[PDB]
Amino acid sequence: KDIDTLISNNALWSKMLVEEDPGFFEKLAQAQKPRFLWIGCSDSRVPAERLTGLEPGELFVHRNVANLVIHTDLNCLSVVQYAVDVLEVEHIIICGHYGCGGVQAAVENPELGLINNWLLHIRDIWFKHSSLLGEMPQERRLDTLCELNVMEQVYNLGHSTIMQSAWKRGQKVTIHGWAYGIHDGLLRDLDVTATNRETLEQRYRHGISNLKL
């Protein structure tokens, strides 16, 4: 599969649809605003649509290395502000994946270049949860960190001006922390679901509590 394949793939996939499944494009035209914002990793190991069965246009997507929400990344903050205040999504899903290359790179810490600064936000989680991660056998620490990262970015998202204002003014927005494995593509809920400032703190605090012994 080279570039020349992608275009002819597309040209025959579009031609089969207009000939055979015309409602696909008509579904897109009558597609309403998305109700889901998906924040995922650039690895995109399984695409979000196939993972959840969402139709085209039903979800708004952001992706960056290791699905981060940095307090001061305007790229991601601008996706969220537009999602919550303009489109008025009802669910934000943050989704990590076990075996993510960014997360593993943050632990091994090779000299990769510019990307290492982005990843410093994960080394910080790794060191924040040092004792929690220590208590566990070596072979589970990478997937645990993948989970901790997702929980921390849920925590970060809820603490931003976008979500703070939305919840203060009563807008119904729910944040979910998810992860899936490569063996089964089975979504796993990290159980840190937040619907307001109150549940944000309790569920986060409980989420960290369950990983500890």
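Note that residue numbering follows the sequence shown and begins at 1.
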Avg C-alpha B-factor, entry values, 137 to 145 vs 108 to 116, higher side is 137 to 145
Which is higher on mean Cα B factor in this entry, 162 to 170 or 54 to 62? 54 to 62
Quiz for you: based on the deposited Cα B-factor, which of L28, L37, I70, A179 is highest? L28
On the chain's distribution of Cα B-factors, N196 falls within the third called lowest
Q32 CA temperature factor, ranked by third within the chain: highest
Taking the values exactly as deposited, rank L186 by C-alpha B-factor within its chain and report the matching third: lowest, middle or highest. highest
